[PDB]
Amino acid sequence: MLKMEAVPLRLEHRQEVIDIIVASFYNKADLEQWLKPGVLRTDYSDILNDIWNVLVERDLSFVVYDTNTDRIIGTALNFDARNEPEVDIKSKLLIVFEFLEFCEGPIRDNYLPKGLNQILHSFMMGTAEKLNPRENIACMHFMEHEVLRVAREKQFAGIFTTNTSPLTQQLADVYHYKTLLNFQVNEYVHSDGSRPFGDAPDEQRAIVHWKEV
């Protein structure tokens, strides 16, 4: 049985967190697959490197250790939704973030509580590549449990995330996240009139989830 411990993010975790996020997203992420070609592994690591110091300073993020091997198997990256760094993104990931803001912005700024320390934004999650399905499932349950604990302990009102894969969408639902938007990703229109995810099947959704704590 997999037994785990959540440790707050520290400055020396940078490369381990990057390796997990890159391995967890590059050529796997459900939105970026439609921007091919031109999704580079360094596009993800460039973003994390720009935000790394503030990410650690805000003290809302954590890694998950396997306490039997003392190695990191997962990580949850969080910010206050109203107090997030903005990075100029020179990569094609900028369209993903603009799409996510298209989903989140209207809901966040007009329907969720105003002020800082209200909305805990679950920004990225990931698990190590070598985890088998039992370990992956267990680590995701452990990270969801721990995001809730951080939210309560840090006195946030709730947890806000856009879930873009079927697994994270279904996990959100069994953890009783409320659906605020279920958007068909192939209908999103970029500023140049194109549809960057237009080739995606009609069934691929971006679901904006919210859970009060």
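For every residue, the number given is its place in the sequence shown, counted from 1.
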19 to 27 versus 199 to 207 - greater average Cα B-factor per the deposited record: 19 to 27
query: So 96 to 104 or 113 to 121, which one's hotter by mean CA B-factor in the entry?
result: 113 to 121
task: Select one of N53, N182, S61, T168: the residue whose C-alpha shows the highest B-factor in the crystal structure entry.
output: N53
- request: Among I159, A172, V150, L35, single out the one with the highest C-alpha B factor in the record, please.
  value: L35
statement: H141: C-alpha B-factor third of its chain, per the entry, is the lowest
- request: Taking the values exactly as deposited, rank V87 by C-alpha B-factor within its chain and report the matching third: lowest, middle or highest.
  value: highest
message: When the deposited Cα B-factors of this chain's modelled residues are ordered and cut into thirds, is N163 in the lowest, the middle or the highest one?
response: lowest
